[PDB]
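Encoded as structure tokens, the structure appears first; notes follow it.
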Amino acid sequence: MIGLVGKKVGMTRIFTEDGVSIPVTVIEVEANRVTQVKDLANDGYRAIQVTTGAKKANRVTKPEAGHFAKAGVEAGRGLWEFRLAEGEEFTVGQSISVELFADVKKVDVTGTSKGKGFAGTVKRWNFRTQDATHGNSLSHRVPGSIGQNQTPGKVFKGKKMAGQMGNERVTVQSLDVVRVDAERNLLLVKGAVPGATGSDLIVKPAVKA
Amino acid sequence: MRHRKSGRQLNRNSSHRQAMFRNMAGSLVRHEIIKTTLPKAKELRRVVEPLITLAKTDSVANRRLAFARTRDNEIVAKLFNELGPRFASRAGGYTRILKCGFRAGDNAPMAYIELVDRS
Amino acid sequence: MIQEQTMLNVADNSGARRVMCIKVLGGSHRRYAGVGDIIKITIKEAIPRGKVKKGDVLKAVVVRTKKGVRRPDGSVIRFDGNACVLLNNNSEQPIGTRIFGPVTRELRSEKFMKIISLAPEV
Amino acid sequence: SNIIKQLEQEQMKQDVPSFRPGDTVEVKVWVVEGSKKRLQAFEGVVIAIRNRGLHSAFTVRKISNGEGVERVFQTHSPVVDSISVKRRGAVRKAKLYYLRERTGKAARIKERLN
Amino acid sequence: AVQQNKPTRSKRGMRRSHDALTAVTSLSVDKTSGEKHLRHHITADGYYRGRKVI
RNA sequence: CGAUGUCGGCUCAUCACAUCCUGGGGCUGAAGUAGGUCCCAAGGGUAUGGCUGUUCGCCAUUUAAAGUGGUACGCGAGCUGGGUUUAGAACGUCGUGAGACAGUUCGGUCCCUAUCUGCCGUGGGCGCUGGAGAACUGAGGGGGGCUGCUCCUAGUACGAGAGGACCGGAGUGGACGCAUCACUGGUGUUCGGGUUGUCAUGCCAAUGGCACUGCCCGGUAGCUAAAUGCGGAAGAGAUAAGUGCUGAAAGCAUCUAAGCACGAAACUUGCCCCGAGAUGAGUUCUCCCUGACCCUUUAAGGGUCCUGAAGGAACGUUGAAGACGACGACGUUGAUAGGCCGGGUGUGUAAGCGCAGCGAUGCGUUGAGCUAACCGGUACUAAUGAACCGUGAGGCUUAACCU
RNA sequence: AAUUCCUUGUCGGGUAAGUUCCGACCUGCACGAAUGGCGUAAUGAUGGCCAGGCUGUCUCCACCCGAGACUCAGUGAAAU
RNA sequence: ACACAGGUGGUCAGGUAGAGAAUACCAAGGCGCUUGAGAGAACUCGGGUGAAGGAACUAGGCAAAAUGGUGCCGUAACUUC
RNA sequence: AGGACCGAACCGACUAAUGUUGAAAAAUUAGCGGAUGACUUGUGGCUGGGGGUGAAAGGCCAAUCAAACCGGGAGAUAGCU
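From first to last, the protein sequence lines stand for chains Q, a, X, c and n.
Quick note: the first sequence, position 178, residue 178 per the entry's author numbering, numbers continuous.
Quick note: the second sequence, position 32, residue 32 per the entry's author numbering, numbers continuous.
Quick note: the third sequence, position 34, residue 34 per the entry's author numbering, numbers continuous.
Quick note: the fourth sequence, position 5, residue 6 per the entry's author numbering, numbers continuous.
Quick note: the fifth sequence, position 32, residue 33 per the entry's author numbering, numbers continuous.
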């Protein structure tokens with residue numbers, strides 16, 4: 001089944017009547033108007049393309065507006081693509097709302113993680129800090145040794161040292177749903193999702209059986 | 001890692017930062033013009049503008065609070081008597097930024113500060 | 001939230017007064033002990049004629065802690081001190097015959113029916 | 002984020018009593034065991050109140066069997082049933098964490114009578 | 002921490018490829034005085050976007 | 001020997017399999033449970049302390065397990081310097097003596113700003129054959145592959161009893177990783193308060209500075225774990241050791257010679273991420289340019305005027321993006337940033353005035369005053385009108401259609 | 001035992017666990033009486049051990065304030 | 001060798017708190033140290049705080065943390081008293 | 001009274017960190033010991049190389065010490081590089 005695109009309102013809690021304080025993430029999912037439908041004849045594969053949100057009419061470029069005018073679809077804030085499975089079908093310009101998730105149980109959430117910039121080996125790979133005392137000099141949070149001697153005489157590919165945190169796509173799998181409400185265009189999931197408040201997300205049904 | 005963090009440190013001590021912004025904000029009401037560096041001018045905006053709207057209402061409690069900052073009596077009477085009634089209609093924007101290039105000593109990007117009432 | 005080398009109070013009349021936690025059984029590289037889980041303790045100070053003496057190695061369970069225990073609604077129940085209850089090393093049954101001070105509710109299990117019945121409160 | 006504030010407003014319980022730090026507060030909390038549920042009392046002095054919308058909470062310190070027991074109480078949870086102030090204490094702070102080290106006559110809260 | 006062989010004038014040249022600056026390539030004109038000044042900056046004699054400010 | 005730094009420990013690992021556990025199977029002097037042995041299997045995981053400088057070792061207590069080895073007995077331009085093994089001093093012993101004895105004993109300076117290879121990230125230029133904005137396909141590459149305990153089957157099969165299953169199903173944990181701040185919390189020298197000493201504002205009062213933020217008590221946002229969710233799965237294909245069906249060679253037999261079916265955390269996938277420099281440079285959609293004139297030793301030639309499109313660049317306001325680049329949002333057809341209004345939070349009832357008290361003080365206004373990064377708004381200020389790069393329909397040959 | 005190689009001698013104490021420490025035995029490789037022997041109150045920036053308090057030493061780090069590192073302008077080396 | 005975080009003998013010495021030439025803030029007096037402006041990465045140096053445990057780290061409580069003043073009460077083994 | 005006690009100047013250098021092409025050819029920072037005595041310090045003098053001096057390390061004798069520095073024999077010698 002195809003997924004949707006939502007925006008992270010933030011986080012809150014839901015108080016079940018039995019007494020469980022479920023932590024819940026509120027994902028604003030405005031209805032995804034379909035901008036493009038692809039098939040096997042000219043693309044060689046089956047996928048649809050949606051948009052959501054509202055962009056400024058001046059800032060949308062002429063090729064971007066030409067794509068939206070062809071689809072008969074008002075301009076959104078972005079474009080995303082979902083492959084269809086066997087048996088699914090969609091038409092260009094049709095809308096898809098929250099109510100697709102009114103019967104699914106587990107969903108997968110995809111987003112770009114919170115960027116943290118250059119971070120050390122202690123944070124990037126949970127390297128244990130050396131002795132803060134007992135003679136130790138200028139080497140507390142350094143990664144220490146990085147390789148062996150003359151054989152091999154080199155550092156292997158994929159070796160863990162410091163680098164860039166965040167700002168990459170990360171999928172969290174098998175999150176339970178709590179509420180579906182197209183009257184508020186909302187969606188409720190137990191747990192935490194990547195990204196900050198107001199970020200972009202992709203919500204798909206879980207492939208994890 | 002500066003995530004949603006506001007307020008520059010300007011490579012100085014915190015008390016020195018408060019002391020500079022205490023002194024130079026007193027210069028803004030004193031002469032109505034300063035050519036100074038651009039980052040210092042942007043956060044003169046963050047300290048002077050709450051003071052004048054605090055000086056928009058005149059009371060003995062407000063004068064003492066306006067004396068705790070800027071620590072000068074002549075500044076306090078100037079703040080309340082003139083710019084009190086002068087800025088009673090302004091909803092913010094009490095000053096403006098006018099870039100003026102760079103220094104010659106160190107190439108530091110300067111910019112003029114300017115209360116918009118001055119003509 | 002009890003680890004190795006931890007001094008612990010005692011809530012029964014087994015004879016101990018201050019005990020030392022030396023192991024957290026139930027898992028390789030396990031760091032901490034919550035509430036109602038098996039730990040191995042040694043006795044550091046005892047009354048003269050209790051059921052146990054100084055320097056014995058036998059198991060115990062944690063019934064109070066300063067870190068607390070999280071309720072499913074988000075509440076937490078924490079105490080001013082961390083206290084334990086002695087058990088026999090092989091039968092896992094409590095050595096003492098009384099419980100001093102309240103215990104929590106998450107000890108309610110088939111192994112600990114004796115303790116909560118003997119508990120004075122909660 | 003008016004979507005969030007409207008969302009928590011539904012599960013916002015309508016009536017909570019007004020209390021401040023220093024008040025000897027009686028709390029009735031539901032407890033479920035087996036197939037039955039019961040109402041359990043909890044007396045003590047409140048020492049720390051966190052007001053934050055739906056996530057508001059307050060912490061009550063209780064002396065019991067010679068030692069101290071502390072709770073926090075998610076005010077808008079269905080688990081807590083009734084809150085009743087039994088004494089209006091007089092304190093000079095919004096947080097009373099110094100009661101962890103005062104016991105007996107030292108841990109004496111003057112009433113407020115206001 | 003010490004170099005082992007002498008680099009050439011070529012390898013210094015490749016490292017100096019990215020060292021060149023860039024010109025302004027566009028400096029704006031005040032509406033009144035008509036003189037050329039940096040964009041979003043005041044002019045030489047005290048003009049900015051057509052009003053005298055100094 | 002015109003220098004290749006030693007043992008041990010810390011940090012970081014990587015590989016082999018002669019496998020410690022988990023996985024599969026044969027035989028058993030294998031009733032079951034639990035083992036012995038051997039074969040296949042390198043995916044993943046594979047202790048904490050006491051003693052000693054120790055490797056090792058013993059001991060206590062865990063664990064499913066606490067594997068064996070190579071990597072300059074890995075790793076000092078990464079750390080330590082406890083030992084060995086400098087110069088001081090002493091004991092025992094040898095020597096007449098100076099001195100000496102991997103015998104003991106106490107103390108005893110470990111430098112380097114990284115040029116190249118390597119690796120981790122992050123960019124500029126050019127190319128991909130008119131230019132540009134997007135969304136993808138997927139070659140290829142990386143990450144992840146751990147596991148106990150309890151319950152049901154069942155107290156069944158097996159067993160005289162003690163005991164006690166496989167197969168399968170359900171739940172809940174230990175460690176590891178990812179993500180997050182809704183909860184509990186930590187920090188929070190930009191918020192509020194208490195207080196000592198001193199100096200200053202003329203003075204009382206109220207404040208400000210300094211004394212590590214003077215010393216503290218709380219605490220917004222952000223970050224953060226000790227906090228909260230998720231994961232490692234199911235399945236598929238070909239298989240290892242192994243288990244077979246039919247069946248000759250070789251009238252029998254045989255898993256094999258023809259053919260056919262099973263068979264494991266390995267392998268190929270399924271899961272997640274990167275991914276068209278994949279120079280094999282891809283696919284799809286959209287947008288933009290359809291004016292002339294000369295010069296030549298006429299070529300995918302050169303030049304002049306006019307045109308300057310789409311898009312991009314630059315500037316400014318900037319960001320839960322960020323070392324710088326880069327990335328994202330906005331520019332008065334505006335909420336991009338700051339101020340302001342209301343709120344919320346935090347601190348705790350300001351200052352002033354009035355009353356009581358000789359007074360320190362307490363009470364009324366008053367849950368007051370003040371409030372940072374938070375929420376909802378609000379053009380008040382700064383994001384200027386313009387210029388700059390980018391071109392004139394895009395080569396040759398062949399083939400199929402439209403004619 | 002500043003001396004004991006075998007040696008982590010043996011036994012007891014301390015510890016859950018003690019090659020170090022304390023007390024004892026004497027099989028003193030290779031103590032021993034002014035190149036002093038055994039004790040010795042007090043003293044020691046002396047050596048070894050244990051305990052209370054105390055804590056980021058540590059499990060295991062997390063945040064913050066300042067100085068560099070990073071960007072811009074000016075000057076501007078070195079080993080090799 | 002430097003306009004160098006070093007070395008160099010004597011004299012004077014106020015206010016408050018303080019026993020004090022200690023120390024903290026000051027008076028007279030002298031200086032802000034011959035590169036600045038930003039950004040608010042890793043990492044290094046100097047510090048502040050901290051859940052729970054409190055030496056489990058390590059050769060070794062190294063370092064850090066903790067104690068601190070005055071008066072009064074009271075204070076053991078041992079001893080050359 | 002005390003080669004007394006605690007603690008500044010003053011004298012010194014026990015531990016750690018930084019530094020180690022340093023600010024410095026031995027220092028800075030936080031702690032540390034003595035601090036009326038075998039103390040410490042200003043000025044001048046005396047003791048010289050197989051010699052001085054040494055509460056003794058083979059230490060100090062002009063950043064040089066198991067025999068100073070400068071000049072000379074001296075272009076010592078070198079079966080070695």
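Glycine residues also receive a C-beta, built at the ideal position from the N, C-alpha and C atoms.
Cβ neighbours of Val76/X within its own chain (closer than 7 angstroms, five residues either side excluded): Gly68, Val69, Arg70. Nearest CB-CB separation between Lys8/Q and chain a: not below the 8 angstroms threshold. In terms of beta-carbon proximity, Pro72/X lines the interface with chain Q, with at least one pair separated by less than 8 angstroms. For the segment 5 to 39 of chain n, the beta-carbon criterion of a distance under 8 angstroms to any beta-carbon of chain a is satisfied by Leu39. For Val26/Q, the chain c residues whose Cβ falls inside 8 angstroms of its Cβ are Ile4, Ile5, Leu8, in order along the chain. Counting the other CB atoms within 10 Å of its CB gives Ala68/a a total below 16, which places it among the exposed residues.
Taken in chain order, the unbroken stretches of beta strand (DSSP E) that lie wholly in the segment 23 to 109 of chain Q and span 3 residues or more are 32 to 38, 47 to 51, 80 to 83. Interface annotation, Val28/c: not in contact with chain Q, CB-CB separation never under 8 angstroms. Between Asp108/Q and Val172/Q, the beta carbon gap of about 7 angstroms places them in contact (Cβ cut-off 8 angstroms). At a cut-off of 8 angstroms between C-beta atoms, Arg88/c does not count as an interface residue with respect to chain X.
Excluding the 5 residues flanking it on each side, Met165/Q has same chain C-beta neighbours closer than 6 angstroms at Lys116, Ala119, in chain order. The way I'd put it, the segment 80 to 90 of chain X doesn't touch the segment 97 to 115 of chain a; fewer than three beta-carbon pairs between them come closer than 8 angstroms.
Going by DSSP, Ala119/Q is part of the beta strand (DSSP E) stretching over 117 to 119. Straight across, the Cα-Cα distance linking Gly93/a with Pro23/Q is about 42 angstroms. When the beta-carbon positions are compared, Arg17/X and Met7/X stay at least 8 angstroms from each other. In its chain, beyond the 5 residues on either side, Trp31 have a beta carbon closer than 6 angstroms to the beta carbon of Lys38/c.
Residue contact check for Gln15/c against chain Q: no CB pair falls below 8 angstroms. Here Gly6/Q is buried, its C-beta having at least 16 other C-beta atoms within 10 Å. Taking all protein chains shown into account, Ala107/c has fewer than 16 neighbouring C-beta atoms within 10 Å of its C-beta and is therefore exposed. Against chain c, the beta carbon of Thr12/Q has neighbours under 7 angstroms at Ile5, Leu8, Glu9, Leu55, listed in chain order. Around the CB of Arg8/a, fewer than 16 other CB atoms lie within 10 Å, so the residue is classed as exposed. Bridge partners of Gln41/c according to DSSP: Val30/c. The beta carbons of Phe59/c and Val47/c sit about 6 angstroms from each other, so the pair counts as a contact at 8 angstroms. Secondary structure of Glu11/c (DSSP, three-state): helix. Within 7 angstroms of the CB of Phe100/X, the CB atoms of chain c belong to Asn66, in sequence order along the chain.
Put simply, of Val73/c, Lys6/c, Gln12/c, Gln10/c the residue whose alpha carbon is nearest the alpha carbon of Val9/Q is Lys6/c.
Residue ranges of uninterrupted alpha helix (DSSP H) with 4 or more members, entirely inside the segment 7 to 77 of chain a and ordered along the chain, are 14 to 31, 38 to 54, 60 to 68. The continuous beta strand (DSSP E) containing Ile64/c extends over residues 58 to 65. Closer than 8 angstroms to the CB of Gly117/Q there is at least one CB belonging to chain a. Taken in chain order, the unbroken stretches of beta strand (DSSP E) that lie wholly in the segment 65 to 99 of chain X and span 3 residues or more are 76 to 79, 83 to 86. Contact annotation: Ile38/X and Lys51/X have beta-carbon atoms that are not nearer than 8 angstroms. Taken in chain order, the members of the segment 18 to 52 of chain Q whose beta-carbon sits within less than 8 angstroms of a beta-carbon on chain X are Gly19, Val20, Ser21. Under the DSSP assignment, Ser117/X falls in the alpha helix (DSSP H) whose first and last residues are 113 to 118. With contacts defined by Cβ atoms closer than 8 angstroms, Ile27/Q and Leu187/Q form a contacting pair. Under the 10 Å beta carbon count, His134/Q is surrounded by fewer than 16 other beta carbons and is classified as exposed. Taken atom to atom, the span from the alpha-carbon of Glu49/a to that of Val70/c is near 50 angstroms.
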